[PDB]
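Asks: Have a look at this one.
Counting neighbours? That spans all protein chains shown, and the Cβs are built from the backbone with ideal geometry, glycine included. Read-outs: derived from the displayed coordinates by stated rules, not from any lab.
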Amino acid sequence: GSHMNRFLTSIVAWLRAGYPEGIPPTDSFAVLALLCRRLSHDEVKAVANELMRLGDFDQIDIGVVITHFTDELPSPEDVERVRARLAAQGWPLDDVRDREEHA
């Protein structure tokens, strides 16, 4: 019983759950950098678009950055920042074996 749309919905939820105060443009690029490791740039472009429409995102251009990256950006401290914050709501970005490894 797999539903594709529900996946996107949960992704949106996770992302905005990481920032219930709204993502600032600096770590928005961090978000795209992290998410692009799991999802294709068009997929993240789509979810970013709908998330910005939903309101729980700052109104910038993520689609431009994911299709045309920067060399020095996004900032490493920002990616580590979003990494630390989003980890609190879980991490479906990577794959984790169910076992008490790190709590």
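Asks: Residue-wise, which Karplus ³J(HN,Hα) couplings in Hz belong to the range 52-58, taking 6.51 cos²θ - 1.76 cosθ + 1.60, θ = phi - 60°, and x for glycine or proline?
Replies: 3J(HN,Hα) across the range 52-58, in whole Hz: 5, 5, 5, x, 7, 7, 7.
Asks: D94 versus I60, label points 7 Å from Cα toward the beta carbon: distance in nm?
Replies: 2.4 nm
Asks: Count neighbours as other Cβ atoms within 10 Å of each site's Cβ, and list the GluC sites (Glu not before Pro) in the range 56-102 that are DSSP loop with at most 16 such neighbours.
Replies: Sparse-neighbourhood loop GluC sites (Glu not before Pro): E72, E100, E101.
Asks: In addition: From the phi of every residue in the range 12-22, what ³J(HN,Hα) in whole Hz does the Karplus formula 6.51 cos²θ - 1.76 cosθ + 1.60 yield, where θ is phi - 60° and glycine or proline is x?
Replies: Karplus values, whole Hz, x for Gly and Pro: 3, 4, 4, 4, 6, 5, x, 9, x, 9, x.
Asks: With an 8 Å cut-off on Cα pairs and a minimum separation of 6 or more residues, tell me the relative contact order of the chain in percent.
Replies: Normalised by residue count, the contact order of the chain is 39 percent.
Asks: Just to check I understand the Karplus step: with θ = phi - 60° and J = 6.51 cos²θ - 1.76 cosθ + 1.60, what whole-Hz values come out for the range 79-96, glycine and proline as x?
Replies: After applying 6.51 cos²θ - 1.76 cosθ + 1.60, I find 5, 4, 5, 4, 4, 5, 5, 5, 4, 5, 9, x, 8, x, 6, 10, 10, 10 Hz.
Asks: Note the full-extension length gain between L8 and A103 as 0.36 nm times their separation in residues minus their Cα-Cα distance, in nm to one decimal.
Replies: 31.5 nm
Asks: Given Cβ point charges of +1 (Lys, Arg) and -1 (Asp, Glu) and nothing else, what value in debye, to the nearest 20, does the dipole of the chain about its Cα centre take?
Replies: In total the dipole reaches around 360 debye.
Asks: Using a 10 angstrom Cβ neighbour count of at most 16 plus a DSSP loop assignment to flag exposed trypsin sites (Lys or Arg not before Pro), which longest range of the chain is free of such sites?
Replies: The longest such stretch corresponds to 39-96.
Asks: A further question follows. What ranking do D61, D71, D42 get, fewest neighbouring Cβ atoms within 10 angstrom at the top?
Replies: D71, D42, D61
Asks: Here's another thing I want to ask about it. Find out how many positive minus negative residues lie around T9, taking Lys and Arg as positive, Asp and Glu as negative, among other residues whose Cβ is under 14 Å from that of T9.
Replies: With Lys, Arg at +1 and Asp, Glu at -1, the neighbours total 0.
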